[PDB]
S.K.: 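Below you'll find the structure I mean.
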Amino acid sequence: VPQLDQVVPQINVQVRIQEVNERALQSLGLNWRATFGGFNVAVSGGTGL
Amino acid sequence: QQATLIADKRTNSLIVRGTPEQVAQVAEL
């Protein structure tokens, strides 16, 4: 009995959960159309020449 | 037989109860 009735420790536990996210985007595009004699040229990004 | 084992979760105590030979075997483990 003296051993099973002793004081046991009391504790406080701290947990920290930390989460960080970052992003970065960068677009750039030229999209033209030229018309000289007889010719018709169109340059884009989706379709090419 | 085999020695009686008593486990207390609150105090983390192991209690072995048996013949003196059966108790010295747990004591060395």
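Lettering of chains follows the sequences in order, A, B, ..., and the numbering in each one begins at 1.
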S.K.: Tell me whether B:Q22 contacts the main-chain N or O of B:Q1 through its side chain, where contact means a donor paired with an acceptor under 3.5 Å.
M.R.: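 Here the side-chain-to-backbone pair exists.
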S.K.: Would a single hydrophobic cluster contain both B:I6 and A:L4, if residues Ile, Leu, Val, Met, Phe, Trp and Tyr are joined by side-chain heavy-atom contacts under 4.5 Å?
M.R.: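 Yes, it is one cluster - the side chains of A:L4 and B:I6 are joined through contacts under 4.5 Å.
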S.K.: Between A:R33 and A:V41, is any pair of side-chain heavy atoms under 4.5 Å apart?
M.R.: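 Side chain of A:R33 against side chain of A:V41, heavy atoms only: no contact under 4.5 Å found.
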S.K.: Between A:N31 and A:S44, which heavy-atom pair has the shortest distance, and what is it?
M.R.: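 Shortest heavy-atom separation between A:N31 and A:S44 comes out as ND2-CB, 3.4 Å.
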S.K.: Measuring from atom CG of A:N21 to atom CZ of A:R23, what distance do you get when rounded to the nearest 0.5 angstrom?
M.R.: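 A:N21 CG to A:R23 CZ: 9.5 Å, rounded to 0.5 Å.
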S.K.: Let me check something: do B:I15 and A:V1 share a hydrophobic cluster, defined by ILVMFWY side-chain heavy atoms less than 4.5 Å apart, either directly or through other members?
M.R.: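 No, B:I15 and A:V1 fall in different hydrophobic clusters.
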S.K.: Would you please say whether a donor-acceptor pair under 3.5 Å links the side chains of A:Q6 and B:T11?
M.R.: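 There is no such pair between these side chains.
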S.K.: Under a 4.5 Å side-chain heavy-atom rule over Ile, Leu, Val, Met, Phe, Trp and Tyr, are A:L30 and A:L49 clustered together?
M.R.: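 Yes, because A:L30 and A:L49 connect within a single hydrophobic cluster, where side-chain heavy atoms sit under 4.5 Å apart.
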S.K.: Just wondering, more than 12 heavy atoms not from A:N40 lying within 6.0 Å of its CG?
M.R.: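 Count over threshold, so yes.
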